[PDB]
Protein chains: 4
Amino acid sequence: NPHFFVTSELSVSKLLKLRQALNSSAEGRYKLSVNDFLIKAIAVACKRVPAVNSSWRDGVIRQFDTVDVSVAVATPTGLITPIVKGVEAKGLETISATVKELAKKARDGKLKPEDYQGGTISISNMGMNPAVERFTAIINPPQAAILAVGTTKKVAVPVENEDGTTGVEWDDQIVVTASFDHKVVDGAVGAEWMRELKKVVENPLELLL
Amino acid sequence: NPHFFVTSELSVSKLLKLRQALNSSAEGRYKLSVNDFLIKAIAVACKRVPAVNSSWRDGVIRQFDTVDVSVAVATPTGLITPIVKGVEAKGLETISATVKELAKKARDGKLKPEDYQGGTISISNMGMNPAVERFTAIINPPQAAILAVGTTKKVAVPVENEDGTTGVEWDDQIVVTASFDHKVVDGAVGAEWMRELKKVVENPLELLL
Amino acid sequence: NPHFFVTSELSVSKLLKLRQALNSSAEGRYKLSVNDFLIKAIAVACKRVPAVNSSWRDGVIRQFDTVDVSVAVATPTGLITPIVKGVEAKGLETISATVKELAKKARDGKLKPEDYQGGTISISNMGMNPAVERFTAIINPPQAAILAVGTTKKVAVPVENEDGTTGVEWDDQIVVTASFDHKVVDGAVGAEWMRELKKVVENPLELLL
Amino acid sequence: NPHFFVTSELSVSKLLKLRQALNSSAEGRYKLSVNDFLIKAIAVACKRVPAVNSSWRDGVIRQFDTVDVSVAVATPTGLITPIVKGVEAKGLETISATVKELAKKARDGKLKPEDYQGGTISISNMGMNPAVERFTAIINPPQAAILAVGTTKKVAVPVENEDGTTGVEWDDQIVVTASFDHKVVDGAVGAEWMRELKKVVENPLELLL
């Protein structure tokens, strides 16, 4: 299993501003987190290039026209992978309610058994606790790509103010990792998908596009 | 062998201050290095959560109540793994003398043959030379986790001084990597162990705890 | 295949200055890129320590006195690995012309079939597009080490000006990754090769050495 | 029974600072008092010189390699001596929990009968109430040394400030007393043990040593 690890580095301050604005405008019917924006962005990204969201059979490979995103949730019994289907068609409040409902279902017991079967990309995120920057779980056998998300730190970013020739103003910054299979997805298309994903995420206004 | 790589990023300036104070107070009977603090901290960390320090047999797994730490040393013949046992009970001067004596034994020849058998976590550190930030040797077959340590760089860290709204003051910072097995230790407990390890190391005053 | 991933972090501003000077002095007969300096530097580095540029047969291993560098190029059909031989003897303009000619040959069709066989280290570099910092393709079967190159970012670097006690002046900085085999090349010699490679690259004036 | 009384005078302000720091950093799982630092320090001190922690049989004497510390607790029924074993191996939070649990066990009733047998040095401390500076209970028959602790007062300590040729700044100060047997432990080794104990306690940073 030749799984090569690529990475990217994303600026999220715009996402924080948008999340705060939407949460303040909310009347309580929905709750938003950064994982919501990440899953919507990666759904749009997979719509952009369908190469990443494929599967490998015995010899032959199959490509999915639609997008099905599996999210990892931590349970005392082990690792659970709830699924959400048709993410591109849905908004972000609906997927928010779906993921929180699936999480609480995992808390109170076991889920309906076909919530485990299916999917195109597996997503894991321990950004809640600190002391984690990079990680990559093994790719699931029916999958072809896994995207892992670390925590958000606070580092200096290039700025070109006039009074200060160099200038230093700080921004929040996050690290993502992607493990592919190299049997279906090669390095070039993975780098393309990552760069266009960063292009989508850096300015969130194109999420509605 | 699904070995997933997690990482953390540690501040060591407090450790440097403590090491300098103890070395100045020393009368020559003991010599201290950063590896000493790392091995003591990880011993306490394994005491905190015993899940990481286990082993896998044919099908069944075995959990060790005590801690046995194997340290990697570079030799012209190859790679050697001296062992230290009961690290949690011992202080740091005793383990310091033990590791330096084992290192010089490796220099002058071969060791007693049962110094190779046993252990719970393997530790490797090439922080002596520069030009290394991340690395991860393969996990030893009777082990379940390996922690590798890079070098210490000097980077900017968040500060909240009054005169400067952003403010910039620099600190030394180190990178650690952890390769687990995923047959015994899953991602969640590994992240827990790493975050509590960083909590222990960041302020060294809890080492005596 | 126990492929352990080591990394380094290089300052390239001197290389940019030298590249700009040589390109301005050029009359059009040659074109220079950062990949040229990297391949020349790694050729000299392999000349420094011949351990990395070896191959593994069935049980026995073979060491190459000369250097043969294979460079990866992205093609719509897939991944292509043109080869350049005797790089240490040649300058940098000759290897520049050779690599650009091989790239355009890959563009317009297929190459002469023995351009695929041979080599000591495989080099891949997607530094052209942004949104990539670390990656590592699997080592080719007749090879023993692969060096991957990310993009160049702009980060703060330690400075010791008098007026500012800390001081902050920024520099361009690049990330490199190295995947070895651990059947032939162990961690120590890999770290040695990486540190001496960084020593060569940081100040490019030793390239002519 | 020729029990000669030696004494020492200790500065504890550093211990108060360390205790306050650790208690503030505590999340409630442990509670620390000065007696904890004293018992850990004397355990390390007995490890330093094993002469004090011995016992006398009929004619012959026996020396203990390990350390077992008996602490005196005041009960309405009389005087009770709970025991803690292997103190040097354990930290200070574990012995803290052990001593508080033994104290509350003495409060709610009688203890398991073998908690009375064994030990190397008996420790008594009425530092809680004021109006006590020196005291010394008789040595227990199977013991060879008893260390009693008074209360902490506030007295002037030598200082060498520049503006004030003499200078006066005040510090907290405690008095300790030691009654030996003179059948096993003579004056010289007792004075050695006391001076090295004061050396350990005055700067608590060597407790982790």
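All chain D residue numbers match Swiss-Prot; in order, they span 251-459.
Just so it is clear, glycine is given a Cβ too, placed from its N, Cα and C backbone atoms.
Per Swiss-Prot, the features are as follows:
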type: BINDING; residues: D:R269, D:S283, D:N285, D:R357, D:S374, D:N375; note: CoA binding site
Residue with minimal Cβ packing [other Cβ atoms within 10 Å] among the binding-site residues D:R269, D:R357: D:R357
Where D:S283 (CoA binding site) falls in three-state DSSP terms: coil
Max pairwise CA distance, angstrom, over record-listed CoA binders D:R269, D:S283, D:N285, D:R357, D:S374, D:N375: 26
List of residues, in chain order, with Cβ under 8 A from that of D:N375 (CoA binding site) and at least 6 apart: D:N285, D:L288, D:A322, D:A398, D:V399
Neighbourhood of D:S283 (CoA binding site), C-beta criterion under 8 angstroms, separation at least six: D:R269, D:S346
Collapsed DSSP category at D:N375 (CoA binding site): strand
Around the Cβ of D:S374 (CoA binding site), the count of other Cβ atoms that are within 10 Å: 19
